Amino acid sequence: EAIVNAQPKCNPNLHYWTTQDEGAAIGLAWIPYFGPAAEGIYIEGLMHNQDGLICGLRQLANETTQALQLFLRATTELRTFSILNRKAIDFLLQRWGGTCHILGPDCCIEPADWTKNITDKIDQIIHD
């Protein structure tokens, strides 16, 4: 379903912070001893509400909370870092967790170019 922002207000601009693990360091800045303190490891950006994504994001995070809290209640792990990796695994199992039946609705295999590759050969055989 599409996300329906139902909040009293929406800040349409997202002034954000994050990190980058592939950050091209100049010289010795990548060496922990020489690099930035904890407060200086952040990049910043500004994202506007094109396609309504900012207001969608606020509503999505809001709606995620119940399921995320119920997950945290049931785990005995003190700090959970594994949610995204598990989602990537589930993405793969959904498609490849069983036999893939070509042309069936649960098999992400495109035989188009192979069907056409075969089709060009039969037209050649008929010419013979």
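Each residue number is its position in the shown sequence, starting from 1. Think of the rigid core as the biggest set of C-alphas that the two forms share within 1.5 Å after superposition.
Between 93 to 101 and 23 to 31, which one shows the bigger average Cα displacement from this form in 5 other deposited structures of this protein once the rigid core is aligned?
Clearly, after the core fit, the stretch farther away in 5 other deposited structures of this protein is 23 to 31.
Averaged over C-alpha atoms, is the B-factor higher for 114 to 122 or for 6 to 14 in this PDB entry?
Comparing 114 to 122 with 6 to 14, the higher mean C-alpha B-factor belongs to 114 to 122.
Comparing 93 to 101 with 40 to 48, which stretch shows the greater average C-alpha B-factor in the deposited entry?
Higher mean C-alpha B-factor: 93 to 101.
C-alpha B factor of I26, ranked within the chain: lowest, middle or highest third?
Highest third of the chain for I26's C-alpha B-factor.
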